[PDB]
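Here is the structure we will look at, set down as structure tokens.
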Amino acid sequence: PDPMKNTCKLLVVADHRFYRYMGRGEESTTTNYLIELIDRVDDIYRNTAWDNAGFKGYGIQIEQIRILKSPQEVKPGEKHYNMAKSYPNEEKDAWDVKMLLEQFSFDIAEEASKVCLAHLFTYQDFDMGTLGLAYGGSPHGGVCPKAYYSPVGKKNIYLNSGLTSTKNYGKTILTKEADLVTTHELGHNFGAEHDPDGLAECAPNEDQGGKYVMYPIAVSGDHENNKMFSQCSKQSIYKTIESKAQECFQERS
Ligand SMILES: CC(C)C[C@H](CC(=O)NO)C(=O)N[C@H](C(=O)N[C@@H](C)C(=O)NCCN)C(C)(C)C
Ligand SMILES: [Zn+2]
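Going letter by letter, the sequence shown gives residues 218 to 356, 361 to 474 in the deposited numbering.
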């Protein structure tokens with residue numbers, strides 16, 4: 218490992234929904250929540266030996282927190298990830314998750330080009346229990366801005382993005398649950414795909430420590446494996462880190 222290039226610096230964005238419901242309309246409350254969540258997530262990453270030996274000490278740190286206090290004013294037919302209304306169906310509490318991640322990536326493009334990753338934190342009840350989404354580890362994108370020309374957007378967007386919602390089934394999720402959502406989404410950004418049932422080593426039974434963080438079904442941080450990366454995730458992420466740390470990782474602050 219290169220200690221000068223072992224940290225993925227993040228642009229963290231709190232939308233108006235997050236500011237109102239998680240921040241309780243306060244900047245200090247909003248930032249403290251995020252600083253603490255990223256730091257606990259960083260502990261999981263930093264302590265992971267990607268090759269099961271000495272390839273450890275890789276993590277994440279916040280470079281900047283953008284705090285959107287109020288909804289983004291939009292012109293008719295114009296959409297923005299921070300607008301007041303949900304898209305495509307305004308009658309719903311939440312956006313369609315895939316459309317939201319695409320919109321966030323479009324709006325944050327200039328800022329995303331300058332950071333290892335951009336992450337959106339929101340407060341909306343995505344349909345059917347979805348908690349987040351991210352580019353990378355899909356069956361392109363993830364760590365280090367990779368341009369994608371959007372035919373719809375008519376401009377380059379960067380695929381170094383992800384999002385976390387702390388609202389699910391009409392309530393705020395536990396902090397131990399939110400930590401796991403962000404760890405999983407950043408896991409995709411770091412190159413990991415979902416752990417498959419077909420590989421017992423990567424998807425253990427409840428009496429064998431339970432599921433790892435990359436399992437497609439949400440885990441409550443009460444089982445032994447829930448806050449850890451599987452050997453499947455480690456193999457995928459090890460390859461990403463090897464290829465990507467020299468490109469955009471920085472020295473730990
Ligand atoms: C932190 C979790 C692992 C992220 C995944 C989505 C995902 O893979 N994002 O990258 C999820 O939201 N999963 C939901 C999940 O497991 N949500 C739980 C909290 C839930 O609501 N379960 C109820 C089952 N009807 C699904 C979409 C599978 C329902
Ligand atoms: Zn996933």
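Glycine included, each C-beta is placed from N, C-alpha and C at the ideal position.
Hey, out of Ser287, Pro366 and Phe338, whose CA is closest to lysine 465's CA? The residue from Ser287, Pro366 and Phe338 with its alpha-carbon nearest to that of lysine 465 is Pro366.
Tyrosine 379 and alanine 329 - do their beta-carbons sit closer together than 8 Å? A Cβ-Cβ contact shorter than 8 Å links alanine 329 with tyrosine 379.
Smallest Cα separation from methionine 449: which of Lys460, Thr461 and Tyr436? Among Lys460, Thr461 and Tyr436, the Cα nearest to that of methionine 449 is on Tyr436.
Three-state secondary structure (DSSP) at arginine 257? Helix, per DSSP.
Distance check for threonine 339 and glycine 346, CA to CA, integer angstroms please. Distance from the CA atom of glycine 346 to the CA atom of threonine 339, rounded to whole angstroms, is 15 Å.
Minimum C-alpha distance to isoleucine 277 - residue among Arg283, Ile261 and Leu285: Taking only the C-alpha atoms, the option nearest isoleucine 277 is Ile261.
Going by DSSP, what residues sit across from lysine 392 in a beta bridge? Paired residue(s): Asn389.
Mapping DSSP to helix, strand and coil, what is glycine 346? In the structure shown, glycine 346 sits in a helix (DSSP, three-state: H, G or I).
Is it buried or exposed for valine 291, if we count other Cβ within 10 angstroms and need 16 for buried? It counts as exposed.
Identify the continuous beta strand (DSSP E) that holds residue 358 and give its terminal residues. Here the chain is numbered 356 followed immediately by 361, so the structure offers no position for residue 358.
Below 7 Å, is the gap between the Cβ of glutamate 406 and the nearest heavy atom of ligand 1? Distances between the C-beta of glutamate 406 and the heavy atoms of ligand 1 include at least one below 7 Å.
In whole angstroms, what is the alpha-carbon distance linking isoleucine 394 and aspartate 342? Near 11 Å, if we compare the C-alpha coordinates of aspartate 342 and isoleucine 394.
What residues are listed by DSSP as bridge partners for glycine 383? Answer is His336 and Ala351, bridged to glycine 383.
Within 7 Å: the Cβ of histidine 336 and any heavy atom of ligand 2? When distances are taken from the beta-carbon of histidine 336 to the heavy atoms of ligand 2, even the shortest one reaches 7 Å or more.
Count the C-beta pairs between the region 225-240 and the region 280-297 that are closer than 8 Å, then say yes if the count reaches three, no if not. The answer is yes - the region 280-297 touches the region 225-240, with three or more Cβ pairs under 8 Å.
Nearest-angstrom beta carbon gap, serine 441 and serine 382 [assumed within contact, 8 Å]: Going by Cβ atoms, the distance from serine 382 to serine 441 rounds to 26 Å, so no, they are not a contact pair.
Are the beta-carbon atoms belonging to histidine 405 and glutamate 427 less than 8 Å from one another? Taking 8 Å as the Cβ cut-off, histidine 405 and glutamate 427 do not qualify as a contacting pair.
Ligand 2 and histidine 409: does the residue's C-beta get closer than 7 Å to at least one heavy atom of that ligand? Checking every heavy atom of ligand 2 against the Cβ of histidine 409, one is found closer than 7 Å.
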